[PDB]
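Written out below as structure tokens is the structure these notes cover.
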Amino acid sequence: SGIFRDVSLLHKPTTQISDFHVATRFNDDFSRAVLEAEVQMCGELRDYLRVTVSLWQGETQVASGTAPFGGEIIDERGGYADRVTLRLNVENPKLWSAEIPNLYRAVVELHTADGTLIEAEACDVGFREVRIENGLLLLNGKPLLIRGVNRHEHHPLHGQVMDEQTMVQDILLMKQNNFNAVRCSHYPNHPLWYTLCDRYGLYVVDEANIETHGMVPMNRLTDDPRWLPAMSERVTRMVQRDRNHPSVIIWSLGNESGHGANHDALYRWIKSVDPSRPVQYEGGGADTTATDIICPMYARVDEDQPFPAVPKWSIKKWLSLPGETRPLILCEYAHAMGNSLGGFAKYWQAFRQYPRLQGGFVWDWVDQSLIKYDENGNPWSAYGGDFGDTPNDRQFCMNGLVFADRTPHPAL
Amino acid sequence: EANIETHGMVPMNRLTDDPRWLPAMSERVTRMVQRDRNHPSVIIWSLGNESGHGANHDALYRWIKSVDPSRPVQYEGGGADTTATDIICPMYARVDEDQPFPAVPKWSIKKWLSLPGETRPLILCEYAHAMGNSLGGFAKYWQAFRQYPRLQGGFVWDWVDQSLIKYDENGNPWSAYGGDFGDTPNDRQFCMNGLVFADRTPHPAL
Ligand code: NA
Ligand code: NA
């Protein structure tokens, strides 16, 4: 607990940019793209007010659009007077991916009609398309094979405070080991992380901060409409903060909270607000109506685990179940606690043999070990119960492919 | 099964993709259905065997579906999963190994079920070739059968050896196969693929 992330002061004009969303549509061959930029304003609207969106490739401008405020008709009462949408045509766009993170710079400028600037906002824009077609997750029209890992925000000395040096270290180490995707383990991450994944090329699954694993039953609060406002806040604010990042390709509703009506409501909300990304959720059997992807936790390649209400099928048998059409990506597999990752080759043989088996996220990246000091003042790695803490789960906090200081395990 | 096989045609659908042979195939299908449509033991109609995939097969499958909706129709030619079958019915597809032939791939039966867009049940029209000392890996097929719902079994090839009785100089009978009668280019002992001998004596694989 504490103030573990950065605190800052922001000064904005009275008439200001309050919100903006960037969207990229494409044609069939991806030779033509449209950048849709929706900008919202706060303060008193004036007729001289303008918004310009310019797209930049390096130092070269490739597109620009200027318009006054006032969107199209939405319903019988009109449209948003304090909003504007710009459509920038891009011919032969350079496509973002994990292999080539081609990035554009979009600058949103609030300015008067005579030309004076009031406030500028900028974001990195990647031209990519994520969709599930015929049971396969496609990126830019091609089926994806997720070489993913779950990552917690952990530091052996600073706890859960993240710095840019450690983030860059983690991303470089992941890409040097042929990882192309990262799952934000069970909460939204430090904002710089998404930017770094945009610049370096990692696919990101962004997860809402919602876990109720210790509830009996697990959906006790997530099936209660009295907790729907809290969960809805935790989902909507994450999407609103991170919806512009090209590295974010999949939304996650959370982790291990059973399956309730709140999950269905929030999945539908995400699908309505941001149709450009699929939504996944594992709780309740990993194949409910609140997931676009079958995402089992630690399902095996060939052995079924028929638990009473939430069976864990083998991933090959799961695909062929009557009525099943969705792709399967394991949200957690190949538990890396200690001397682990036996049978990894079996998972990857199945991944390359079955089309709709589109990979998974290894659990997990780094051991959540802390640094204590002995009587001689020397540091050592500590796990659960080494601080005197009330009933603990000992060494089950260390499931990483690298040590806390980011030294690789042999399983890496 | 209708009396329609064109295995030796090159390509196999040379006549079954020709509308000049549609009347003959249609007779061979319609008269079989008309004769046998009242029998309760008959649960599945088959369009034939190893004749490629042509428009004649599609036409006759649709005819059977119109005339007798109470039985599904299956057909293996053309890749065992075309529009002329209600059931994926591969010949000798394996449990775990894919056999990617250029135009008619033979997937493993577990991989076949999960192919994008695939919803049909899989019953092997021919599997576990019983030629001589055979049926190794039968337990693997039946493990997969009991583990995967849409894997609904198959038909072993086959029941009885098609061996004939010849007599030696001493007048004693012996089992003969292809080429023992002087017959023009033959396929030797490939006629004996049965679980029982010609006199219906069981093989050890039974
Ligand atoms: Na695959
Ligand atoms: Na079955």
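Chain letters run A, B, ... following the sequence lines, proteins first, then strands; residues in each count from 1. FYI, side chains are in, hydrogens and waters are out, and symmetry mates aren't considered; it's all heavy atoms of this structure.
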Counting N and O atoms only, with roles assigned by atom type, does the side chain of A:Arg128 sit under 3.5 Å from a partner on the main chain of A:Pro246, one being a donor and the other an acceptor?
yes

Please give me the minimum heavy-atom distance between B:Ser114 and A:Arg356, naming the atom from each residue.
O-NH1, 3.3 Å

Does a donor on one side chain and an acceptor on the other come within less than 3.5 Å for A:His213 and A:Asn255?
no

Applied to residues 244-263 of chain A, the salt bridge (charged side-chain N to carboxylate O under 4.0 Å, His left out) test, sequence neighbours excluded, yields none

I'd like to know if A:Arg87 pairs up with A:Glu36 as an ion pair, taking the criterion as any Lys NZ or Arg NE/NH1/NH2 lying under 4.0 Å from an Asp or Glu carboxylate oxygen.
yes

Over 60° means perpendicular and under 30° means parallel, so classify the ring planes of A:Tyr347 and A:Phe351, tilted if in between.
tilted

May I have all residue pairs that pass ring-ring contact (aromatic ring centres under 6.0 Å, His included) and include part of residues 157-176 of chain A, sequence neighbours excluded?
A:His155-A:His158

Against the six-membered ring of A:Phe387, is A:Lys372 placed for a cation-pi contact (under 6.0 Å from the centre, within 45° of the normal)?
yes

May I have the step-by-step check of side chain to side chain contact (heavy atoms under 4.5 Å, CB included) for A:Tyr203 and A:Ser97, ending in yes or no?
CA-CA 8 Å; A:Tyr203 304 127; A:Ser97 64; 4.0 Å; yes

Tell me, yes or no, whether the heavy-atom count around A:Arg243 atom CZ, taken from other residues, nucleotides or ligands under 6.0 Å, exceeds 12.
yes

What ring-ring contact (aromatic ring centres under 6.0 Å, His included) pairs are there with at least one residue in residues 286-305 of chain A, not counting sequence neighbours?
A:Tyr298-A:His335

I need the full list of salt bridge (charged side-chain N to carboxylate O under 4.0 Å, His left out) pairs touching residues 269-293 of chain A, with sequence neighbours left out, sorted by first then second residue.
A:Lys271-A:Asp292, A:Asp274-A:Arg277

Which pairs count as salt bridge (charged side-chain N to carboxylate O under 4.0 Å, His left out) when at least one residue sits in residues 170-180 of chain A, sequence neighbours excluded?
A:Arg151-A:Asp170, A:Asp170-A:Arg406

So, the side chain of A:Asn27 versus the backbone of A:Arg32: is there a donor-acceptor pair under 3.5 Å, distance only?
yes

Carboxylate-amine/guanidinium contact A:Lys142 A:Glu99, below 4.0 Å:
no

Stepwise, does the side chain to side chain contact (heavy atoms under 4.5 Å, CB included) test hold for A:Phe127 with A:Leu35?
CA-CA 8 Å; A:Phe127 282 86; A:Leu35 168 83; 4.0 Å; yes

Just by distance, do the side chain of A:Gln160 and the backbone of A:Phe4 share a donor-acceptor pair under 3.5 Å?
no

For the residue pair B:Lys110 and A:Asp302, what are the closest heavy atoms and their distance?
NZ-OD1, 4.5 Å

Value for CG (A:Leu88) from OH (A:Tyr104), rounded to nearest 0.5 Å, stands at 12.0 Å

I want to know whether A:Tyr267 and A:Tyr281 have ring centres closer than 6.0 Å.
no

Pair A:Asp19-A:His21, side-chain donor/acceptor within less than 3.5 Å
yes

Residue A:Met297 excluded, over 12 heavy atoms near CE under 6.0 Å:
yes

Distance alone, cut at 3.5 Å: any donor-acceptor contact between the side chains of A:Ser8 and A:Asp6?
no

Quick one: which residue pairs count as a salt bridge (charged side-chain N to carboxylate O under 4.0 Å, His left out) with a foot in residues 193-213 of chain A, not counting sequence neighbours?
A:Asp124-A:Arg199, A:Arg183-A:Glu207

